[PDB]
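Notes follow the structure.
A, B, ... follow the sequence lines: proteins, then strands. Residue 1 opens every chain. Heavy-atom basis, side chains included; hydrogens, waters and symmetry copies ignored.
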Amino acid sequence: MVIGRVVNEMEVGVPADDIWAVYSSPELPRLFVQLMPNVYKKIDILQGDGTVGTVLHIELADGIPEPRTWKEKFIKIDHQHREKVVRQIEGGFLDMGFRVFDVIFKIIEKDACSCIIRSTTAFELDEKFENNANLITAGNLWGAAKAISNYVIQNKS
Amino acid sequence: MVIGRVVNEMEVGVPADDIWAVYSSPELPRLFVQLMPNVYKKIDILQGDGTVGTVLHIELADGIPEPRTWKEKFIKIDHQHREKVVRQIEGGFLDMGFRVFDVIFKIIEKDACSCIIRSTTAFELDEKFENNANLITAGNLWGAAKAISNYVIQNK
(Lines give C-alpha, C1' and ligand atoms only; values in the text may rest on other atoms or scores of the structure.)
Protein backbone atom coordinates (compact mmCIF):
# COMPACT_ATOMS: atom_id res chain seq x y z
CA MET A 1 0.00 0.00 0.00
CA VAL A 2 0.92 3.64 -0.57
CA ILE A 3 1.00 5.46 2.76
CA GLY A 4 1.25 9.19 2.22
CA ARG A 5 0.66 12.60 3.73
CA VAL A 6 0.85 16.17 2.56
CA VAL A 7 1.34 18.99 5.08
CA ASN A 8 1.35 22.75 4.86
CA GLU A 9 1.78 25.32 7.62
CA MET A 10 0.52 28.91 7.75
CA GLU A 11 1.71 31.38 10.36
CA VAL A 12 -1.10 33.65 11.58
CA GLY A 13 -0.71 36.69 13.82
CA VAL A 14 -3.55 35.86 16.21
CA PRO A 15 -3.60 33.51 19.24
CA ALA A 16 -4.10 29.80 18.59
CA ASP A 17 -7.36 29.82 20.55
CA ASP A 18 -8.91 32.34 18.13
CA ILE A 19 -8.16 30.18 15.08
CA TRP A 20 -9.06 26.91 16.81
CA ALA A 21 -12.39 28.43 17.88
CA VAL A 22 -13.42 28.61 14.22
CA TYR A 23 -11.82 25.37 12.96
CA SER A 24 -13.59 23.49 15.76
CA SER A 25 -16.86 25.45 15.41
CA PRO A 26 -19.90 23.54 14.09
CA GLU A 27 -20.53 26.64 11.94
CA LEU A 28 -17.51 25.78 9.77
CA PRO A 29 -19.59 23.85 7.15
CA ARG A 30 -21.44 27.10 6.44
CA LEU A 31 -18.27 29.22 6.42
CA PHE A 32 -16.67 26.95 3.82
CA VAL A 33 -19.53 27.57 1.39
CA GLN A 34 -19.82 31.24 2.35
CA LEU A 35 -16.11 32.10 2.17
CA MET A 36 -14.79 29.72 -0.52
CA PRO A 37 -17.33 29.68 -3.38
CA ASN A 38 -14.65 28.67 -5.89
CA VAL A 39 -14.05 25.49 -3.82
CA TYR A 40 -17.20 24.53 -1.88
CA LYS A 41 -20.53 24.56 -3.70
CA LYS A 42 -22.81 22.83 -1.19
CA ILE A 43 -22.31 21.26 2.24
CA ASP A 44 -25.20 19.46 3.95
CA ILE A 45 -25.19 18.38 7.59
CA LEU A 46 -26.56 14.84 7.57
CA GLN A 47 -26.29 13.83 11.23
CA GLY A 48 -24.99 15.22 14.51
CA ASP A 49 -24.74 18.51 16.37
CA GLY A 50 -21.30 19.52 15.09
CA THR A 51 -19.28 17.53 17.64
CA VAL A 52 -17.52 14.19 17.05
CA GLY A 53 -19.71 11.86 14.99
CA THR A 54 -21.16 14.63 12.83
CA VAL A 55 -21.51 13.58 9.18
CA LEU A 56 -21.41 16.00 6.25
CA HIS A 57 -22.05 15.69 2.53
CA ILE A 58 -19.62 17.76 0.44
CA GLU A 59 -20.08 19.01 -3.12
CA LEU A 60 -17.16 20.92 -4.62
CA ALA A 61 -17.53 23.65 -7.22
CA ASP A 62 -18.19 22.79 -10.86
CA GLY A 63 -15.07 22.01 -12.84
CA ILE A 64 -12.90 21.12 -9.86
CA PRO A 65 -11.22 17.80 -10.71
CA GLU A 66 -12.84 14.66 -9.40
CA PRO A 67 -13.65 13.73 -6.73
CA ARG A 68 -16.23 16.48 -6.23
CA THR A 69 -18.62 14.72 -3.82
CA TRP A 70 -18.33 12.59 -0.69
CA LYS A 71 -19.56 12.05 2.83
CA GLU A 72 -17.17 12.78 5.69
CA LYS A 73 -17.28 12.37 9.46
CA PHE A 74 -15.77 14.38 12.31
CA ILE A 75 -13.86 11.61 14.10
CA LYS A 76 -11.73 13.74 16.46
CA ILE A 77 -12.10 17.22 17.96
CA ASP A 78 -9.33 17.40 20.58
CA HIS A 79 -9.59 20.71 22.46
CA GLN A 80 -6.48 19.85 24.58
CA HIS A 81 -4.25 19.69 21.54
CA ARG A 82 -6.37 21.78 19.13
CA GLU A 83 -6.53 18.94 16.59
CA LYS A 84 -9.54 18.13 14.39
CA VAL A 85 -9.66 14.97 12.24
CA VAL A 86 -12.19 14.57 9.41
CA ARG A 87 -12.43 11.19 7.64
CA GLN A 88 -14.11 10.40 4.33
CA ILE A 89 -16.68 7.64 4.82
CA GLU A 90 -18.46 7.38 1.46
CA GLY A 91 -17.62 8.30 -2.12
CA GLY A 92 -14.86 10.81 -2.71
CA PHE A 93 -11.38 9.33 -2.74
CA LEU A 94 -12.71 6.01 -1.41
CA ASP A 95 -14.03 5.37 -4.93
CA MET A 96 -10.59 6.11 -6.41
CA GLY A 97 -8.43 3.46 -4.70
CA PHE A 98 -7.93 5.16 -1.33
CA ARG A 99 -8.74 2.94 1.64
CA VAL A 100 -8.38 5.78 4.18
CA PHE A 101 -8.54 9.52 3.48
CA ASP A 102 -8.13 11.84 6.47
CA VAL A 103 -7.74 15.59 6.83
CA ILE A 104 -6.18 16.84 10.07
CA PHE A 105 -6.17 20.45 11.27
CA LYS A 106 -3.79 21.26 14.13
CA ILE A 107 -3.45 24.78 15.54
CA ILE A 108 -0.01 25.24 17.09
CA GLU A 109 0.85 27.98 19.57
CA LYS A 110 3.80 30.02 18.37
CA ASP A 111 3.64 32.71 21.05
CA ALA A 112 0.87 34.43 23.00
CA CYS A 113 -0.33 36.35 19.92
CA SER A 114 0.53 34.14 16.92
CA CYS A 115 -0.03 30.56 15.82
CA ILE A 116 0.55 28.05 13.03
CA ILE A 117 -2.26 26.37 11.10
CA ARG A 118 -0.97 22.91 10.19
CA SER A 119 -3.18 21.22 7.60
CA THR A 120 -2.40 17.55 6.92
CA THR A 121 -3.96 15.27 4.32
CA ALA A 122 -3.15 11.66 5.20
CA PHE A 123 -4.12 8.61 3.21
CA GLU A 124 -3.64 4.94 2.47
CA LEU A 125 -3.80 4.12 -1.23
CA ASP A 126 -4.02 0.87 -3.19
CA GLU A 127 -0.82 0.46 -5.18
CA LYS A 128 -2.81 -0.52 -8.28
CA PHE A 129 -4.00 3.13 -8.15
CA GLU A 130 -0.74 4.74 -7.01
CA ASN A 131 -0.82 7.43 -9.70
CA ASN A 132 -3.85 8.90 -7.90
CA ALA A 133 -1.45 9.97 -5.13
CA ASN A 134 -0.55 12.79 -7.53
CA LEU A 135 -4.06 14.21 -7.09
CA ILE A 136 -3.04 15.15 -3.54
CA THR A 137 -0.85 18.26 -3.62
CA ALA A 138 1.08 20.20 -0.98
CA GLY A 139 -1.36 23.08 -1.44
CA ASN A 140 -4.37 21.04 -0.29
CA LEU A 141 -6.38 22.93 2.39
CA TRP A 142 -4.15 26.04 2.16
CA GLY A 143 -7.04 28.03 0.70
CA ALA A 144 -9.18 27.13 3.72
CA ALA A 145 -6.44 28.26 6.11
CA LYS A 146 -6.34 31.48 4.18
CA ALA A 147 -10.11 31.99 4.28
CA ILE A 148 -10.49 31.16 7.98
CA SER A 149 -7.52 33.23 9.14
CA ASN A 150 -8.84 36.14 7.05
CA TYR A 151 -12.30 35.77 8.60
CA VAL A 152 -10.83 35.92 12.11
CA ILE A 153 -8.42 38.79 11.38
CA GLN A 154 -10.86 41.12 9.66
CA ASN A 155 -13.58 40.52 12.22
CA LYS A 156 -11.17 41.73 14.92
CA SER A 157 -10.62 44.84 12.81
CA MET B 1 6.08 31.69 3.75
CA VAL B 2 4.43 28.45 2.71
CA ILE B 3 6.05 25.71 4.86
CA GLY B 4 5.20 22.40 3.24
CA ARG B 5 6.07 18.74 2.74
CA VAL B 6 4.82 15.64 0.95
CA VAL B 7 5.71 12.16 2.18
CA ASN B 8 5.12 8.64 0.91
CA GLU B 9 6.12 5.34 2.50
CA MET B 10 6.75 1.99 0.79
CA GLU B 11 7.09 -1.27 2.72
CA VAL B 12 9.90 -3.48 1.40
CA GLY B 13 10.59 -7.06 2.45
CA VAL B 14 14.38 -6.74 2.61
CA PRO B 15 16.61 -5.46 5.45
CA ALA B 16 16.99 -1.70 5.83
CA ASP B 17 20.75 -2.03 5.28
CA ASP B 18 20.28 -3.39 1.76
CA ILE B 19 18.01 -0.53 0.70
CA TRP B 20 20.07 2.16 2.43
CA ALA B 21 23.21 0.77 0.78
CA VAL B 22 21.79 1.80 -2.62
CA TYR B 23 20.05 5.08 -1.68
CA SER B 24 23.30 6.24 -0.05
CA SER B 25 25.53 4.88 -2.82
CA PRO B 26 27.29 7.42 -5.08
CA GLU B 27 26.13 5.18 -7.97
CA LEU B 28 22.52 6.28 -7.43
CA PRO B 29 22.71 9.10 -10.05
CA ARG B 30 23.51 6.47 -12.68
CA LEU B 31 20.80 4.08 -11.49
CA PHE B 32 18.17 6.83 -11.75
CA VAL B 33 18.91 7.34 -15.47
CA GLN B 34 19.42 3.64 -16.13
CA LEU B 35 16.20 2.52 -14.40
CA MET B 36 13.91 5.56 -14.94
CA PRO B 37 14.75 7.11 -18.33
CA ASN B 38 11.09 8.16 -18.55
CA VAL B 39 11.84 10.58 -15.68
CA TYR B 40 15.59 11.29 -15.60
CA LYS B 41 17.12 12.06 -18.98
CA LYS B 42 20.62 13.02 -17.82
CA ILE B 43 22.40 13.35 -14.48
CA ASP B 44 25.92 14.81 -14.40
CA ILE B 45 28.25 14.72 -11.42
CA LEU B 46 29.72 18.22 -11.22
CA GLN B 47 31.82 18.01 -8.05
CA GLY B 48 32.59 15.56 -5.27
CA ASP B 49 33.07 11.84 -4.70
CA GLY B 50 29.49 10.99 -3.67
CA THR B 51 29.82 12.08 -0.03
CA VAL B 52 28.38 15.23 1.55
CA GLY B 53 29.06 18.23 -0.67
CA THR B 54 28.64 16.34 -3.95
CA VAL B 55 26.82 18.39 -6.59
CA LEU B 56 24.70 16.95 -9.41
CA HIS B 57 23.09 18.49 -12.48
CA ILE B 58 19.68 16.97 -13.30
CA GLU B 59 17.83 17.10 -16.61
CA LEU B 60 14.41 15.47 -16.57
CA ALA B 61 12.91 13.73 -19.58
CA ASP B 62 10.98 15.66 -22.20
CA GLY B 63 7.31 15.91 -21.31
CA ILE B 64 7.88 15.93 -17.56
CA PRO B 65 6.41 19.24 -16.28
CA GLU B 66 8.69 22.19 -15.64
CA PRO B 67 11.03 22.65 -13.90
CA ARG B 68 13.16 20.12 -15.81
CA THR B 69 16.70 21.22 -14.89
CA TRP B 70 18.55 22.04 -11.69
CA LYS B 71 21.65 21.51 -9.60
CA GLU B 72 21.37 19.71 -6.26
CA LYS B 73 23.79 18.98 -3.44
CA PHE B 74 24.08 16.13 -0.93
CA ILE B 75 23.92 18.05 2.34
CA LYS B 76 23.47 15.10 4.71
CA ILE B 77 24.27 11.38 4.43
CA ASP B 78 23.51 10.14 7.96
CA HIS B 79 24.48 6.47 8.09
CA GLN B 80 23.41 6.02 11.72
CA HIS B 81 19.82 7.11 11.02
CA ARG B 82 19.79 6.01 7.35
CA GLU B 83 18.77 9.49 6.21
CA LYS B 84 19.97 11.27 3.06
CA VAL B 85 19.13 14.94 2.45
CA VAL B 86 19.44 16.41 -1.07
CA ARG B 87 18.96 20.16 -1.54
CA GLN B 88 18.41 22.06 -4.78
CA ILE B 89 21.05 24.78 -5.07
CA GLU B 90 20.43 26.31 -8.52
CA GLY B 91 17.50 26.34 -10.91
CA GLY B 92 14.71 23.84 -10.48
CA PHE B 93 12.02 24.94 -8.06
CA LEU B 94 14.24 27.82 -6.90
CA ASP B 95 13.17 29.56 -10.13
CA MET B 96 9.50 29.19 -9.18
CA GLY B 97 9.34 30.92 -5.79
CA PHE B 98 10.71 28.11 -3.62
CA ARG B 99 13.38 29.35 -1.24
CA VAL B 100 14.32 25.88 0.05
CA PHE B 101 13.62 22.61 -1.77
CA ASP B 102 14.80 19.42 -0.05
CA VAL B 103 14.34 15.74 -0.77
CA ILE B 104 14.87 13.42 2.20
CA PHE B 105 15.16 9.64 1.95
CA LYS B 106 14.90 7.79 5.24
CA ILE B 107 15.07 4.00 5.41
CA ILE B 108 13.25 2.78 8.52
CA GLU B 109 14.01 -0.65 9.92
CA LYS B 110 10.85 -2.52 10.93
CA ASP B 111 12.27 -5.92 11.87
CA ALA B 112 15.42 -7.74 10.81
CA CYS B 113 14.07 -8.61 7.36
CA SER B 114 11.84 -5.67 6.39
CA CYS B 115 11.97 -1.89 6.13
CA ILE B 116 10.12 1.23 4.99
CA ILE B 117 11.32 3.66 2.32
CA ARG B 118 10.14 7.11 3.45
CA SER B 119 10.56 9.72 0.70
CA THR B 120 9.93 13.30 1.82
CA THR B 121 9.83 16.43 -0.33
CA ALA B 122 10.07 19.46 1.97
CA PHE B 123 10.07 23.10 0.99
CA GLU B 124 9.67 26.74 1.90
CA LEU B 125 7.71 28.71 -0.70
CA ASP B 126 7.17 32.46 -1.17
CA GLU B 127 3.46 33.29 -0.78
CA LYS B 128 3.50 35.27 -4.05
CA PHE B 129 4.02 31.87 -5.59
CA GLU B 130 1.80 29.98 -3.13
CA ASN B 131 -0.16 28.37 -5.98
CA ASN B 132 3.06 26.60 -7.01
CA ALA B 133 2.69 24.36 -3.94
CA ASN B 134 0.23 22.38 -6.08
CA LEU B 135 3.15 21.32 -8.29
CA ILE B 136 4.41 19.14 -5.42
CA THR B 137 2.33 15.96 -5.15
CA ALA B 138 2.16 13.03 -2.73
CA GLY B 139 3.44 10.70 -5.43
CA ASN B 140 6.79 12.51 -5.71
CA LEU B 141 9.75 10.04 -5.66
CA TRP B 142 7.46 6.99 -5.43
CA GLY B 143 8.76 5.79 -8.80
CA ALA B 144 12.32 5.91 -7.47
CA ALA B 145 11.24 3.80 -4.50
CA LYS B 146 9.81 1.24 -6.93
CA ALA B 147 12.95 1.19 -9.07
CA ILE B 148 15.42 0.92 -6.18
CA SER B 149 13.42 -1.63 -4.19
CA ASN B 150 13.11 -3.76 -7.33
CA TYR B 151 16.82 -3.41 -8.09
CA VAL B 152 17.69 -4.60 -4.58
CA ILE B 153 15.11 -7.40 -4.41
CA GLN B 154 15.79 -8.98 -7.79
CA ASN B 155 19.59 -8.81 -7.36
CA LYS B 156 19.45 -10.71 -4.04
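Note on B/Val100 and B/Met96: separate hydrophobic clusters, where clusters join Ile, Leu, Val, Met, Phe, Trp and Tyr whose side-chain heavy atoms are under 4.5 Å apart, directly or indirectly. A/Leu141 and A/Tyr151 fall within a single hydrophobic cluster, where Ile, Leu, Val, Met, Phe, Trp and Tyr are joined by side-chain heavy atoms under 4.5 Å apart, directly or via other members. When hydrophobic clusters are built by joining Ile, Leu, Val, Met, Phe, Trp and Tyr residues whose side-chain heavy atoms come closer than 4.5 Å, directly or via intermediates, B/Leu35 is grouped together with B/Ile153. Residues A/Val22 and A/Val85 do not share a hydrophobic cluster, clusters being chains of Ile/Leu/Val/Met/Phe/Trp/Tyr side chains in contact below 4.5 Å. Hydrophobic clustering places B/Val33 together with B/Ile45 (ILVMFWY residues linked when any side-chain heavy atoms are closer than 4.5 Å, directly or through intermediates).
Per-residue heavy-atom pair counts under 4.5 Å with chain A were compared for B/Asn8, B/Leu135, B/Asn131, B/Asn132, and the maximum is reached by B/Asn8. Between chain A and the residues B/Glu9, B/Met1, B/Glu11, B/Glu127, the largest count of heavy-atom pairs under 4.5 Å involves B/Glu9. For the options A/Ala122, A/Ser119, A/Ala133, heavy-atom pairs under 4.5 Å to chain B are most numerous at A/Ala133.
Heavy-atom distances place the backbone of A/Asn140, and not its side chain, under 4.5 Å from chain B.
The pair A/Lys146-B/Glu130 meets the salt-bridge criterion, with a side-chain N (NZ, NE, NH1 or NH2) lying under 4.0 Å from an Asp/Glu carboxylate O.
Closest of all the heavy-atom pairs between B/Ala138 and A/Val6 is CB-CG1, 3.8 Å.
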